[PDB]
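Chains as they are written, first to last, in the entry's author numbering: chain B, 51 to 291; chain A, 51 to 291.
Each residue gets a CB set at the ideal place from its N, CA and C atoms; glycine is no exception.
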Ligand code: CLA
Ligand code: CLA
Ligand code: CLA
Ligand code: CLA
Ligand code: CLA
Ligand code: CLA
Ligand code: CLA
Ligand SMILES: CC1=C[C@@H](O)CC(C)(C)[C@H]1/C=C/C(C)=C/C=C/C(C)=C/C=C/C=C(C)/C=C/C=C(/C=C/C1=C(C)C[C@H](O)CC1(C)C)CO
């Protein structure tokens with residue numbers, strides 16, 4: 051595949067070339083630097099379980115095919131979030147009201163709904179069939195009728211390195227996913243929009259924060275703090291095998 | 051590097067050439083006199099953990115590179131505090147009000163804020179890239195476009211010794227850091243300014259002290275006394291391996 055790296059390197063980010071930037075840390079055995087965006091992040095070992103790739107079973111190098119399937123899933127989920135962020139910023143910040151009420155103001159019912167759903171699913175099923183059918187011969191799955199989709203050959207055309215685009219794409223998509231999670235959770239606690247929250251925070255950043263919106267802003271903090279205290283205990287327990 | 055010493059010596063200060071000036075004290079194994087400002091101060095052994103230097107991994111002398119990275123961090127943090135102390139004394143003691151309200155009286159909002167932030171970050175990212183890129187070939191990181199930055203060669207031009215400037219710089223920076231911590235905590239308990247506290251203490255030094263400002267002056271003393279009683283018990287426990 052061309053979705054895998056060519057140099058097997060770890061980039062030096064905020065603290066080190068690994069999350070958890072202390073000296074008592076050994077990266078997980080199945081993460082060795084072969085895929086873009088590697089940092090050894092796996093507190094719950096979901097890379098050795100959690101999925102079944104569409105490959106012939108009992109073929110050697112099957113445990114690696116599962117990480118490639120999960121990477122395909124990660125890229126696919128990020129490529130939609132990067133489009134959704136642009137599509138919500140270019141609408142909510144141009145003329146329109148809350149972005150979470152636009153679909154409910156189309157008045158789609160009866161026959162048009164049915165024909166739209168059926169046609170969209172026909173197209174997506176035809177594309178998905180080809181994706182599944184591509185992954186199985188070559189360990190890669192391009193979305194638009196081709197296994198690789200490089201209409202303009204730019205996968206190695208960046209003047210700062212060979213495998214630079216591959217590392218940039220998996221990181222922009224990774225940032226956009228939790229960007230959109232932020233939009234979805236912000237719209238439910240504050241009631242305002244994205245820009246209307248940034249400006250409120252920049253105006254006076256000591257009452258226009260999360261801790262001043264009532265019970266929801268406390269419930270989210272509680273959930274976040276409880277989930278963040280479990281994946282660190284899990285990592286500490288993992289380091290003792 | 052030229053940030054390390056040439057003579058491997060310990061200077062004799064307030065009590066001895068070590069903190070904890072008693073006879074039952076052996077310096078930590080990783081602190082041996084090779085860096086400026088050495089005193090064997092390490093109750094919590096943060097010099098063998100806590101960080102990952104940007105060097106090629108598995109290269110010999112990796113445990114020493116981490117102390118050099120932490121020394122780089124110490125010098126970097128001190129060089130900003132020494133500028134901030136001068137910048138707050140030359141403003142608060144010249145004409146202006148509380149120094150912790152100046153940024154809030156610039157009225158920076160909208161486009162100017164965004165362009166200023168983006169430009170500053172562009173410049174700092176360009177400089178930081180060069181710093182990270184310098185540390186990795188030579189174990190040193192100068193901030194201003196050069197690995198060493200000696201426009202006027204004065205690193206060995208002091209008429210009291212060879213490595214005198216190196217020991218003076220790490221100590222002035224070390225004093226300025228807790229100087230500024232004092233300014234920040236003083237402004238929150240007293241409400242006055244820096245000079246307005248020194249003059250109040252010199253006027254009548256038995257009611258213009260920390261113990262007479264209410265509950266905050268007691269909370270700070272309590273926190274200080276609780277943190278000071280933990281790093282001595284830790285040192286005593288360390289001395290018994
Ligand atoms: C409350 C829980 C919690 C906390 C406190 C942290 C804290 C941290 N995480 Mg995170 N993390 C958490 C939950 C949490 N994590 C969860 C739930 C997940 C699952 C998704 C992760 C997954 C995760 C990963 C995968 C990584 C981290 C990393 C980090 C570090 C960088 C954070 C960062 O970029 O800040 C944002 C900060 C900035 C963009 C710049 C900071 C500058 C600000 C604006 C002010 C100046 C800086 C500051 C003053 C300097 C120190 C001063 C201070 C000591 C007084 C940091 C120690 C990274 C790390 O440690 O890499 C080595 C990392 O790779 N975390
Ligand atoms: C759905 C998106 C998705 C998927 C499929 C993956 C998949 C992968 N990531 Mg992860 N990752 C993602 C999003 C995703 N990532 C995001 C958004 C971040 C930013 C925090 C990261 C950051 C990250 C790092 C730093 C690293 C990986 C790595 C990996 C690989 C490790 C194996 C693994 O855990 O796979 C299984 C993963 C799943 C099956 C997804 C499980 C989703 C859970 C169950 C839902 C949790 C939802 C909850 C609301 C989260 C709240 C977070 C918020 C509070 C902060 C794998 C290819 C490692 C690697 O080597 O990559 C090449 C690696 O070093 N990822
Ligand atoms: C997947 C994300 C997503 C989703 C679900 C929607 C959904 C919607 N958008 Mg769209 N939109 C998106 C992304 C998205 N948008 C993007 C990326 C942009 C920036 C160009 C916009 C800009 C935009 C505007 C300006 C408006 C909408 C509006 C709408 C609504 C009516 C449909 C319409 O007029 O579309 C029009 C959308 C477009 C002309 C751009 C579509 C871009 C597609 C989805 C990106 C993917 C293209 C694909 C990969 C190309 C394949 C090429 C290959 C075969 C070679 C609808 C709820 C209208 C609205 O808000 O009504 C109230 C409206 O005025 N959108
Ligand atoms: C993706 C990045 C992102 C950004 C830039 C912001 C920005 C903001 N959020 Mg947060 N937010 C995010 C994700 C993000 N959010 C996520 C993932 C969640 C779900 C847990 C929320 C849920 C949330 C709520 C419920 C509220 C905010 C609010 C705010 C504002 C005040 C800060 C605060 O209270 O943070 C709180 C942050 C958290 C609870 C969790 C940390 C969020 C991520 C993981 C930190 C990422 C750090 C990273 C270095 C930032 C990059 C910035 C980017 C420009 C490069 C501010 C505009 C408040 C607001 O609107 O005030 C007006 C508010 O009420 N956010
Ligand atoms: C409440 C807790 C506490 C106390 C009582 C002390 C006490 C001491 N520390 Mg400190 N220390 C503490 C917490 C504390 N430390 C903490 C939290 C840290 C972490 C940052 C350290 C880290 C630390 C280090 C790294 C070092 C010390 C050192 C010292 C000694 C010198 C202090 C000094 O310069 O005073 C200031 C005094 C003067 C500048 C001059 C004194 C003159 C005054 C004005 C009056 C006259 C002197 C006096 C009357 C003479 C004795 C008389 C008396 C017996 C009646 C002293 C025994 C040093 C040491 O022992 O070196 C051998 C040393 O190197 N400490
Ligand atoms: C951020 C600044 C900073 C940093 C990075 C370092 C780094 C270092 N110092 Mg330390 N040092 C500092 C400030 C700093 N120092 C200050 C301000 C003082 C004066 C009290 C000293 C005094 C001192 C001595 C006397 C010695 C060192 C030495 C060392 C080395 C020991 C290894 C170590 O612990 O590193 C790791 C350190 C860190 C990761 C910083 C941790 C910061 C903690 C977690 C925060 C505590 C904040 C809290 C509010 C403090 C309140 C104090 C107040 C109540 C008095 C290392 C290079 C030894 C050496 O050989 O130097 C060459 C040595 O002998 N330092
Ligand atoms: C890092 C510390 C720091 C910070 C954050 C600030 C911040 C500020 N200062 Mg400045 N200031 C500083 C240090 C600092 N100062 C120093 C060191 C001095 C002594 C010369 C002053 C003296 C000073 C005065 C007299 C005034 C301010 C004022 C201000 C405010 C408006 C900006 C301005 O007019 O700057 C003007 C600042 C300068 C002309 C001096 C800047 C010195 C820089 C920061 C030192 C570093 C230089 C750099 C290393 C050189 C690189 C060379 C290399 C390429 C070869 C602003 C909040 C104004 C104010 O209070 O308005 C209400 C104001 O009147 N400052
Ligand atoms: C927890 C854990 C354990 C470890 O072992 C490893 C690990 C990495 C798994 C780790 C963490 C995993 C994490 C944090 C994963 C997070 C995944 C996340 C947050 C994924 C988010 C995906 C979001 C997506 C697709 C969003 C799609 C949004 C769309 C929106 C569509 C819109 C709608 C509805 C109408 C609007 O008018 C217009 C528009 C906004 C476009 C649709 O266009």
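Check	Outcome
Residue 64 (chain A) beta carbon near ligand 5 (any heavy atom closer than 7 Å)	yes
Residues in the region 82 to 106 of chain A having any Cβ partner in chain B nearer than 7 Å	98, 99, 100, 101, 102 and 104
Under 8 Å (Cβ pairs) to chain B, residues found in the region 178 to 191 of chain A	182
Cutoff 8 Å: residue 274 (chain A) Cβ touching any chain B Cβ	no
Within chain B, the residues that residue 159 (chain A) reaches when beta carbons sit closer than 9 Å	249, 252 and 253
Selection of the region 59 to 70 of chain B by Cβ proximity to chain A, strictly under 9 Å	60, 62, 65, 66, 67 and 68
Residues that DSSP places opposite residue 211 (chain A) in a beta bridge	A:208 and A:209
Residue 194 (chain B) at chain A interface by Cβ criterion, 8 Å	no
Whole runs of the alpha helix (DSSP H) within the region 203 to 289 of chain A, excluding any shorter than 4 residues	215 to 239, 244 to 253, 266 to 278 and 280 to 289
Span separating the alpha-carbon of residue 92 (chain B) from that of residue 258 (chain B)	35 Å
Delimiting residues of the alpha helix (DSSP H) encompassing residue 146 (chain B)	Note, residue 146 (chain B): premise wrong, no alpha helix (DSSP H); not H, not E.
CB contact check: residue 72 (chain B) to chain A, cutoff 8 Å	yes
Span separating the alpha-carbon of residue 157 (chain B) from that of residue 168 (chain B)	18 Å
Extent of the continuous alpha helix (DSSP H) run through residue 175 (chain B)	161 to 185
Contact between the region 56 to 71 of chain A and the region 210 to 222 of chain A (3+ Cβ pairs under 8 Å)	yes
Coarse secondary structure for residue 127 (chain A), derived from DSSP in three states	helix
Whole-angstrom distance between residue 89 (chain B) and residue 87 (chain A), CA atom to CA atom	35 Å
Residue 52 (chain B) (DSSP reduced to helix, strand or coil)	coil
Whole runs of the beta strand (DSSP E) within the region 55 to 85 of chain B, excluding any shorter than 3 residues	none
Three-state secondary structure (DSSP) of residue 134 (chain B)	helix
Per-residue burial, residue 68 (chain B) [other beta carbons within 10 Å of its own, 16 or more giving buried]	buried
Local Cβ density within 10 Å of residue 185 (chain B), reported as buried at 16 or more and exposed below that	buried
Identity of the residue in A:70, A:116, A:175 and A:111 nearest residue 284 (chain A) by Cα	A:70
Residues of its chain near residue 230 (chain B), where Cβ-Cβ distance is below 7 Å and the 5 sequence neighbours each way are ignored	131, 134 and 135
Environment of residue 269 (chain B) [buried if 16+ CB atoms lie within 10 Å]	exposed
beta-carbon residue 91 (chain B) near ligand 1 non-hydrogen atom, thresh 7 Å	yes
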